[PDB]
Structure formats: structure tokens, C-alpha cells
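Every letter in the sequence shown is one number past the one before it in PDB author numbering, and letter 126, counting from 1, is 126.
Just so it is clear, CB atoms sit at the ideal spot from N, CA and C, and this is done for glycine as well.
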Amino acid sequence: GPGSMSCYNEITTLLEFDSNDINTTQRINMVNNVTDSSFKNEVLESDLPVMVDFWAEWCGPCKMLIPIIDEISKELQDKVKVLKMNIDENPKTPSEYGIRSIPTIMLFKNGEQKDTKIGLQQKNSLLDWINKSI
């Protein structure tokens with residue numbers, strides 16, 4: 001029958017952006033995400049209590065807790081350091097600390113674990129809880 005012939009074509013692929021990476025000793029004294037190395041390095045070196053929220057965008061109510069933490073972080077900044085850890089960025093994290101579920105709130109103090117709480121918590125709940133643990 002008819003020779004089913006089809007020669008495939010190709011187009012040159014180009015790059016968008018360049019490569020760049022920098023790092024300096026700046027204080028992590030602000031609500032942000034930390035990476036696994038920096039997590040231990042900074043958190044386990046913080047004498048003052050640190051609240052770490054292990055999160056992911058596939059939760060749902062993240063959109064709420066971001067403003068909640070946005071406001072509360074500055075309230076706690078003096079006493080308790082609000083820090084975030086995405087389970088996408090640090091896949092070893094939820095295995096190490098047995099994070100089955102999200103948000104999720106985990107309390108540290110001098111790098112030592114105080115208490116843990118899973119689920120969505122509001123401003124008053126967060127404050128109330130961490131003040132019980134510290």
C-alpha cells in the first residue's frame with residue numbers, strides 16, 4: 001500500500017535566564033522559608049524559641065495562614081521566631097520529623113522540640129499554643 005513516511009522536524013531551543021547563586025551571613029530574624037542545612041544551622045543555634053511551620057501549597061487554606069502569620073510574626077518576632085519550611089523544598093524534612101500532615105506548627109527552643117500541632121490555627125490559637133510551649 002502507500003508508504004507511510006513522515007520525516008520529523010526540529011527547532012533550536014534557546015535559554016531564557018543566566019545562572020547565579022550568592023549567599024552571605026545575614027540574620028534570618030524574619031518570617032521566611034529556610035533550607036534543610038540552614039534550618040538546623042540557624043534554628044538549632046537559636047537560643048530563643050523558634051516556631052517552624054512545615055507547609056505546602058496543596059493544603060488549601062494556606063492563603064489564610066499567610067496573612068495570619070504575616071500579622072502575628074511581627075508580634076512574636078521579639079520572643080518567638082516564626083520560620084517556614086516547605087515539604088516540597090525539603091523532602092527529607094517530613095520523613096525526619098514524621099510530618100504526615102500540614103500546615104503544620106512545630107515548636108523549637110534552643111533547637112529542642114517543645115510541642116507540635118497539626119491543622120489550620122488562627123492568630124489567637126497560634127499565640128496561645130506557642131506561649132504554652134515556650
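Measuring CB to CB, does residue i end up less than 8 Å from residue j?
i, j, result
"residue 87", "residue 93", "yes"
"residue 31", "residue 43", "no"
"residue 85", "residue 108", "no"
"residue 34", "residue 81", "no"
Could you check which residue in the options has the C-alpha nearest to that of residue i?
i, options, result
"residue 104", "79, 42, 72 and 120", "120"
"residue 122", "115, 29 and 69", "69"
"residue 38", "89, 13 and 57", "89"
"residue 110", "46, 60, 25 and 2", "46"
"residue 59", "95, 20 and 100", "100"
In its own chain, which residues sit with a C-beta less than 7 Å from the C-beta of residue i, not counting the 5 before and 5 after it?
i, result
"residue 36", "90, 92 and 93"
Once you ignore the five residues that flank residue i on each side, which residues in its own chain have a CB closer than 6 Å to its CB?
i, result
"residue 28", "42"
"residue 72", "123 and 126"
"residue 83", "34, 50 and 52"
For residue i, collect the residues of the same chain with a Cβ closer than 8 Å to its Cβ; drop the 5 residues on either side in sequence, then sort them by chain order.
i, result
"residue 134", "49, 79, 80, 107, 109 and 114"
For this session: Would you be able to state if there are at least three C-beta pairs under 8 Å between the region 116-127 and the region 52-71?
Result: yes
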